[PDB]
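Q: According to the UniProt record's numbering, the sequence shown is numbered sequentially starting from 89.
Okay, here's the structure, questions in a sec.
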Amino acid sequence: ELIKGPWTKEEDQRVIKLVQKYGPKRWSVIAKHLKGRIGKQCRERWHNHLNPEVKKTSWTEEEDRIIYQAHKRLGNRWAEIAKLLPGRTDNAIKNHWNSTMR
Ligand code: NA
Ligand code: NA
Numbered sequence: 089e090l091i092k093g094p095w096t097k098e099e100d101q102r103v104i105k106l107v108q109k110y111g112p113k114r115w116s117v118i119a120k121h122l123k124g125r126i127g128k129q130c131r132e133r134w135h136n137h138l139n140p141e142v143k144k145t146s147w148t149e150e151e152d153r154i155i156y157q158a159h160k161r162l163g164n165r166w167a168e169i170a171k172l173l174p175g176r177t178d179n180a181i182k183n184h185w186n187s188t189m190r
């Protein structure tokens with residue numbers, strides 16, 4: 089019933105299209121359109137990777153410290169580190185690191 093593993097480009101495209109239709113808060117409804125994926129999965133894929141919005145251009149020291157400790161722990165695993173930062177996607181973190189923390 090439920091599928092696991094990597095998100096395909098087709099699935100990512102689908103989530104974006106459905107968010108435009110239902111908005112960023114009917115995750116269970118959006119999930120009905122994706123084979124084997126549930127609301128929670130779609131929600132996290134959006135907030136941790138797909139969301140194109142930029143709401144905060146500055147970073148706090150608390151965020152930097154979390155990234156630094158996670159990097160020592162895991163290395164350059166942006167997708168995993170993104171799970172630890174409430175308002176950041178993996179790409180946001182990757183760029184912040186290479187231009188300010190590296
Ligand atoms: Na589904
Ligand atoms: Na995040």
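Note that the Cβ used here is the ideal one computed from N, Cα and C, for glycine as well.
Do three or more CB pairs link the stretch 165–178 to the stretch 123–142 at distances below 8 Å?
A: Yes, since at least three Cβ pairs between the stretch 165–178 and the stretch 123–142 fall closer than 8 Å, the two stretches touch.
Q: Just the C-alpha distance for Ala158 and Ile169, rounded to the nearest angstrom, thanks.
A: So the alpha carbons of these two residues sit roughly 6 Å apart.
Q: Quick check: is any heavy atom of ligand 1 less than 7 Å from the C-beta of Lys143?
A: Result no, Cβ not under 7 Å from ligand 1.
Q: Go to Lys97, then tell me how far its alpha helix (DSSP H) extends in each direction, as first and last residue.
A: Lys97 to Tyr110 is the span of the alpha helix (DSSP H), which, as asked, contains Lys97.
Q: Find out if the Cβ-Cβ distance for the pair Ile91, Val107 is shorter than 8 Å.
A: No.
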